[PDB]
Amino acid sequence: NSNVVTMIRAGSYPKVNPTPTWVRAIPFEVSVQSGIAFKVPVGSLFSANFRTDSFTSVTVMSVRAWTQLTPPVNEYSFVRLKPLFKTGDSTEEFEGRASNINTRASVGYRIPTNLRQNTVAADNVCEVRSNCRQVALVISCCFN
Amino acid sequence: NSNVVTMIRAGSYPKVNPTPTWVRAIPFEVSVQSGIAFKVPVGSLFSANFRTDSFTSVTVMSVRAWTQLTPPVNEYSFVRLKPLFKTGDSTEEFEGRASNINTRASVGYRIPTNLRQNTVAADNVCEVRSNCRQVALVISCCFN
Amino acid sequence: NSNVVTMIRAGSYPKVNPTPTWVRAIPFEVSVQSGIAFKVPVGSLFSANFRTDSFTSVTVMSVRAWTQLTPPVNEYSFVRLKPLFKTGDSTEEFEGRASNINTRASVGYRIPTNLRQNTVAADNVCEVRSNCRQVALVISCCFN
Amino acid sequence: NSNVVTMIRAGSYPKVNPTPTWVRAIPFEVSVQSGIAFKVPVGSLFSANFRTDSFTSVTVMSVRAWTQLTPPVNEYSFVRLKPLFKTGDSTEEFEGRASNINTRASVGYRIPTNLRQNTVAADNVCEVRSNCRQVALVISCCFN
Amino acid sequence: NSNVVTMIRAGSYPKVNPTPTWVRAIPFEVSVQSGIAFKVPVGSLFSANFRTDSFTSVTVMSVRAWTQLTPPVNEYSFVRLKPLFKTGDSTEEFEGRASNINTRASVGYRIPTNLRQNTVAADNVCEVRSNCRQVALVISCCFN
Amino acid sequence: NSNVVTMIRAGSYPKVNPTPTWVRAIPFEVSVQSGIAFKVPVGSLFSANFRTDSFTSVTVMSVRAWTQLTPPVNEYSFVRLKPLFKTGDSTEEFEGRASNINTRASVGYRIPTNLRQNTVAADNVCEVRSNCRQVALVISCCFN
Amino acid sequence: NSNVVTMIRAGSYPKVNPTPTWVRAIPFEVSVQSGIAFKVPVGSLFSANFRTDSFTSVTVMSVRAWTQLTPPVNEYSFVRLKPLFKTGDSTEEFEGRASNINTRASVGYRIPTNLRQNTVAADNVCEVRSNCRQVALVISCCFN
RNA sequence: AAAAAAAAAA
RNA sequence: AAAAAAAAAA
RNA sequence: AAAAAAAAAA
RNA sequence: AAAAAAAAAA
RNA sequence: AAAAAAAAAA
RNA sequence: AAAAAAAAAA
RNA sequence: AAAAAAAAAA
RNA sequence: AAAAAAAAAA
RNA sequence: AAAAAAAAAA
RNA sequence: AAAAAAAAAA
RNA sequence: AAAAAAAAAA
RNA sequence: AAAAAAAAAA
RNA sequence: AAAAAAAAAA
RNA sequence: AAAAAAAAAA
Ligand SMILES: [Mg+2]
Ligand SMILES: [Mg+2]
């Protein structure tokens, strides 16, 4: 290969964009209480911690969740996800349960193309329920 | 295609990274005086304006430059680029000139693999000379 | 096969080198405190314990890390690695988490060719964060 | 073939560079004392005697060395090279010896792509040891 | 690829040359007056500005010229080149004209093998005529 | 190729070994008196000078020897090797002689698989005889 | 190839001609007034400036014309050609116009074989009309 | 893709 | 169409 | 690549 | 039939 | 196109 | 085996 | 790769 | 090009 | 025969 | 017919 | 990849 | 191996 | 099965 | 015969 700087025969000034889109998998945790659904805000996704504080919208493609602390004594971990949408909330309760008490429960869902519109900080993604006091989510999305 | 949300049969918690790398083409302008070289600082590349303020290092791959204002009366535009490196500056003066007085001059250079190390804000990329008072650069790079 | 000593018809004196290079995977442990990053010194790699005390430089190729003690009560193990470089530090935080509370978390990263320069004892390799009080690293490197 | 001047149908003004790079094999000699290593300075490569006084940086690719005067009485010539690098010196001692007392000893080494960064006059290339009072080097390098 | 220094099994001392030849495209400008031919001296090619001040001879292969300033009001740029040779000057007047008043005129000629002998500083390359006050030349040549 | 750090999806903790074996060609010299056999100790192979002071055992595979100083006036160099073994010494006297007085003599022998057991510092490898006052050995061996 | 003079085994005296024909493209300019056709004389083609002053006849094959100075304010350039012939003039008015105000207009016409007879200095080639005050012609022709 | 100069390689 | 970064997939 | 003009060649 | 110069062409 | 003499070459 | 110089040949 | 001398083998 | 040791990989 | 750099080319 | 040791060979 | 229920399609 | 985002390329 | 380092080989 | 959703399967 070349071991020195070489000239590029540049042409006309190109189309440019200083502030592009970004396809991402974002990991974060939420605290959950027993018997109570937690609504996960979209605003969690915009943070210097993810390099995404310059965005104000996001298109969510899929949501996966894992229990993140141990379950109560005698119990296996479970997590349930209910999709929320601005045009009308769902009533599905997708659920995963652990089969070893020492292991995480997990589940996810995919958002179909027809429901991939933008959401902003004040919108919610899903409701989470669990017997564990924290849940770890990884959300696949398109910042724009 | 699917018109409804569907379940994903998630497995174990994956490897994650909240703060990934990003391959980018960054456009910005510098002011240049007649007969005087301008050293372009790497710090120009870290800005909320580019969504890159969370990074502190960058690996530069190539540099292209265009004149960005009109040249002096009677003259065609020119731009020259001299590569700078922390391990030893170059003395190449890659140059482009316009062939129509109403058109931009342009030139660029590629940095070979052996010289693609990180640079930080206090480092310089290149020296620019021109007969035009501003130069527009587009720098291809890897933020990390 | 031959069962006795046999003659070799040696020729001219060959090129020799009493002190060659060595490609290695080196295992060692570091102690980590909660909430605090630990900077792993390159100096840890030069030791009679690894037969490497005669080297003064090393080129690191990849870094893998495991948690080495159990996590706090109710938690799963995690480990994070942030690459460090003399020419500019990274801000990636590569992370692994366990999915069974009794199991190690692990993660690693590879160093690309353009960043494989020598490091010496006073340099650092990476920052480690964990909720476990010890982390076991295995570093693939070329002593020279 | 053509025996007269002929027209060239020139187009637009091309990209140009008055001060290009140059790939070279540079021959020079150093004086060496018995039992003492000599550090070879990079500055030796920049000289009007090689047409290279306009350069301030160089990328070294390989180093070859020969003994250049006769050895001490009763001895065969030897030469040893230890590579030096700004990011961390090596401890290899690549060695050639003569097999006829009237013949030069020689040896060399190649620098891998990952270590081919620029050096400047104040940097050193390698350490040389020999039982002969002069060593002849040929250095393959890229002036830039 | 190799990431460390490796040995080269050098043989006999090679043929060497500290002061090699160099094939180059040299860009420079000359000032031209209206109605008057400017003889371009070969001495313009030997300069620290081109890294060629150590040469005293050169073999010219081809000459290209562009107008470098705007033409007089109402006119299109033109440039003419007449080849000069120590053994007998030519009377060809190779000519380019612009077809857009804002654009450079250009033309060139090639010297055939039978006329490619050395020239020294006091020799002349060609005569230039133009309606523009500066002409930019690019000369392809073999310094020796 | 990749120009940035990338994640490695590490699994379970691997099998490791901080203190591996090493296959080597070790060069060293012994001083020899006329008419007198010199017994070469295995202990010569364990030294910081070869990076092998952390080993206590070695399996020798082959032995090569060259005369290292000039022979007596009027003579050609010779070297003889007699293999020695803890289970029973040999009486072979493998011998090389020079055919030019200015040139080294050389010879070697290979140890068959059935005799490749470990040796320690107090063991001897071979006896050397020569008309030259130093002999250079290169021993191919497996440190363990 | 041969590097010395060699013999030619010449035969009988050949047919010869001291004054041959010559196929040429001749460039010259004419001044034109607004609203008035200029008749281009064939005599313009016979000149020491073209090396053609020894001819008294020419066979014209084709005529091309370009405007040679800028057009009036607000206008695009145009040029029209009307072919003239000793046996009877044409009334074709072949016309080109510029599509950029800064650019030359051009047009040309070809003379068919049946009309390619000789012309002399007193004959006319074509009529030119333009809104520009000079027109540049290039005439392809056979001097005889 | 082919050619010249410098460098390197089997 | 191939290469690299992030993403997702069989 | 083909054609005209001048040269040269087998 | 191939080369070189000047022209012209797809 | 082959042979001899001088040169050069892979 | 190919090329240049000189010779000779079909 | 093949031949001789000593040994072993299917 | 094949075999050993260490490293890495699908 | 392939790779780098400087030049030239279809 | 293949292998080890010693010698010789292309 | 095949099968059952609901929906749709050529 | 295929698809999407940013990058670079023939 | 492929690559790097050290070793050995035809 | 192919596509979506719920179930079952190798
Ligand atoms: Mg000799
Ligand atoms: Mg225009």
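Residues numbered from 1 in each chain as written, not as in the entry; some residues may be left out. Chains lettered and ligands numbered in written order. Part of a larger assembly, values for the part shown. Heavy atoms only, no water.

Looking at the method and resolution fields of the entry, one finds X-ray crystallography and 1.82 Å.

A. Here's a closer look at the sheet that holds strand 6 (residues 94-97) of chain A. Residue and element names in this part refer to chain A. Overall, antiparallel pairing links the four strands, which are arranged 3-8-5-6 in an open sheet. In this open sheet, the two edge strands, each paired with only one partner strand, are strand 3 (38-41) and strand 6. Taken pair by pair, the neighbouring strands of this sheet meet at an average axis angle of 25 degrees, ignoring direction. As defined by bridge partners, strand 3 adjoins strand 8 (residues 124-130) across four bridges and the pair is classed as antiparallel. (Pairing = 2+ DSSP bridges. Helix = DSSP H or I, 4+ residues; strand = E, 2+ residues; numbered from the N terminus. Axes fitted to C-alpha atoms, helices over the stretch in contact; angles between N-to-C directions.)

B. Main features of the relation of the copies chain A and chain B. Mapping chain A onto chain B calls for a screw motion: a turn of 180 degrees about the axis and a shift of 0.0 Å along it, with 0.0 Å RMSD after fitting. Taken together, the rotation angle and the small translation identify this as a two-fold axis. Scanning chain A for the C-alpha nearest the rotation axis identifies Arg51 of chain A, at a separation of 3.8 Å. Comparing contact sets, 100% of the residues at the interface of chain A also lie at the interface in chain B, consistent with an isologous, same-surface contact. (Least-squares fit on C-alpha atoms. Contact = heavy atoms within 4.5 Å.)

C. Geometry of empty space enclosed by the protein. Under the definition given, this model contains three cavities of 30 Å³ or more. Around the largest cavity, the lining residues are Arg51, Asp53 and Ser54 of chain D together with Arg51, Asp53 and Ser54 of chain E. Broken down by class, the residue content of the lining of the largest cavity amounts to no nonpolar, two polar and four charged. (1 Å grid on protein atoms, 1.4 Å probe; cavity = no way out; pocket = protein on both sides within 12 Å on 5 of 7 lines; lining within 4 Å. Points joined across faces, edges and corners; volume = space filled by probe spheres on them. Nonpolar A, V, L, I, M, F, W, Y, C, P; charged D, E, K, R; others polar.)

D. Structural detail: the environment of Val120 of chain A. Here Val120 of chain A lies in the loop between strand 7 (106-110) and strand 8. Along the backbone, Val120 of chain A and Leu45 of chain A are 75 residues apart, and their C-alpha atoms lie at a distance of 9.5 Å.

E. The relation of the copies chain B and chain E, seen in detail. Overlay of chain B on chain E (RMSD 0.1 Å): rotation 72 degrees, translation along the axis 0.0 Å. Both copies are brought into coincidence by an operation consistent with a five-fold rotation axis. For chain B, the residue whose C-alpha comes nearest the rotation axis is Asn102 of chain B, separated from it by 6.1 Å. The share of interface residues of chain B whose copies in chain E are also at the interface is only 18%, consistent with the copies meeting through different surfaces.

F. Focus on the pairing of strand 7 (residues 106-110) of chain B. In terms of residue burial, strand 7 of chain B counts as a mostly covered element, since four of its five residues are buried. Here strand 1 (residues 6-8) of chain A runs beside strand 7 of chain B; their pairing, made up of three bridges, is antiparallel. Residue pairing for strand 7 of chain B: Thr6 of chain A is matched across the bridge by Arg110 of chain B. Across five bridges, strand 4 (residues 58-67) of chain B lies against strand 7 of chain B in antiparallel orientation. In the sheet register, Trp66 of chain B faces strand 7 of chain B, and the bridge partner there is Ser106 of chain B. (Buried < 20%, exposed > 50% of the residue type's maximum accessible area, 1.4 Å probe, protein only.)

G. View of the protein's contact with RNA strand O. Around RNA strand O, the structure places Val23, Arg24, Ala25, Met61, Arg64 and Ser140 of chain C together with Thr21 of chain F. Sugar and phosphate atoms form 100% of the subset of RNA strand O atoms that lie within 4 Å of the protein. With respect to RNA strand O, the backbone of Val23 of chain C contributes an N or O atom lying 2.8 Å from a sugar or linking oxygen. For RNA strand O, a phosphate oxygen lies 2.7 Å from a polar atom in the side chain of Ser140 of chain C. Within the residue set of the surface near RNA strand O, elements represented by two or more residues are strand 2 (22-31) and strand 4 (58-67) of chain C. (Near = heavy atom within 4 Å. Polar contact = N/O pair within 3.5 Å; in protein donor to acceptor, adjacent residues only side chain to side chain.)

H. Here's a closer look at the protein's contact with RNA strand K. The full set of residues close to RNA strand K is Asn1, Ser2 and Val4 of chain D together with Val23, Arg24, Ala25, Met61, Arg64 and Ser140 of chain G. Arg64 of chain G is positioned such that a nitrogen or oxygen atom in its side chain is 3.2 Å from a phosphate oxygen of RNA strand K. Measuring from a phosphate oxygen of RNA strand K, one finds a side-chain N or O atom of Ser140 of chain G at 2.4 Å. For the surface near RNA strand K, the secondary-structure elements that each account for two or more residues are strand 1 (22-31) and strand 3 (58-67) of chain G. Residue contributions to the surface near RNA strand K peak at three residues, all from strand 1 of chain G.

I. Main features of the interface of chain B and chain E. Listed as interface residues are 11 residues of chain B and, on the opposing side, 11 residues of chain E. When chain B packs against chain E, close to 980 Å² is buried across both sides, 37% of that on carbon and sulfur atoms. It is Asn74, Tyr76 and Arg97 of chain B in chain B that bury the most area against chain E; as a group they hold 54% of the surface buried on that side. Put simply, chain B and chain E have two salt bridges between them. Here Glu29 of chain E makes a salt bridge to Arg97 of chain B, at a shortest N to O gap of 2.9 Å. (Buried area = accessible area lost by both parts, 1.4 Å probe. Salt bridge = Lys/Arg side-chain N within 4 Å of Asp/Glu carboxyl O.)

J. Representation of the sheet that holds strand 6 (residues 94-97) of chain B. Residue and element names in this part refer to chain B. Within the open sheet, the four strands sit side by side as 3-8-5-6. Their pairing is antiparallel. If you trace the sheet from one side to the other, it starts and ends with strand 3 (38-41) and strand 6, each paired once. Adjacent strand axes in the sheet meet at a mean angle of 25 degrees, parallel and antiparallel pairs treated alike. Summarising the sheet, strand 5 (residues 78-83) and strand 8 (residues 124-130) pair through five bridges and their orientation is antiparallel. Pairing of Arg80 across the sheet is with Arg129, part of strand 8.

K. Region of the structure containing the interface of chain A and chain B. On the chain B side, the residues contacting the 50 residues of chain A number 50 residues. Carbon and sulfur atoms supply 59% of the area that chain A and chain B bury against each other, a total of about 4,100 Å² over both sides. Of all residues in chain A, the largest losses of buried area upon contact with chain B belong to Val5, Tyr13 and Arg51 of chain A, amounting jointly to 20% of the total for that side. Here chain A and chain B share zero salt bridges between them. There are 20 residue pairs in polar contact connecting chain A and chain B.

L. Looking closely at the arrangement of the chains. Spatially, chain A is disjoint from chain G: no contact exists, and the shortest C-alpha separation is 20 Å. Structurally, chain B and chain G remain out of contact, their C-alpha atoms never closer than 11 Å.

M. Region of interest: the layout of surface pockets. Computed from the structure, the largest pocket encloses a volume of approximately 1,600 Å³. Together, 41 residues line the largest pocket, and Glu93, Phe94, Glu95 and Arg97 of chain E together with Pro27 of chain G are the ones closest to its centre. Contributions of two or more residues to the lining of the largest pocket are made by strand 1 (6-8) of chain D, strand 5 (78-83), strand 6 (94-97) and strand 7 (106-110) of chain E together with strand 1, strand 3 and strand 8 (134-143) of chain G. Top element by residues in the lining of the largest pocket is strand 1 of chain G. It accounts for seven residues. The residue inventory of the lining of the largest pocket, partitioned by class, reads 20 nonpolar, eight polar and 13 charged. In this model, the second largest pocket occupies a volume close to 870 Å³. Every residue lining the second largest pocket is counted, 44 residues in all, and those nearest its centre are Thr87 and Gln117 of chain B, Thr87 and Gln117 of chain C together with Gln117 of chain D.

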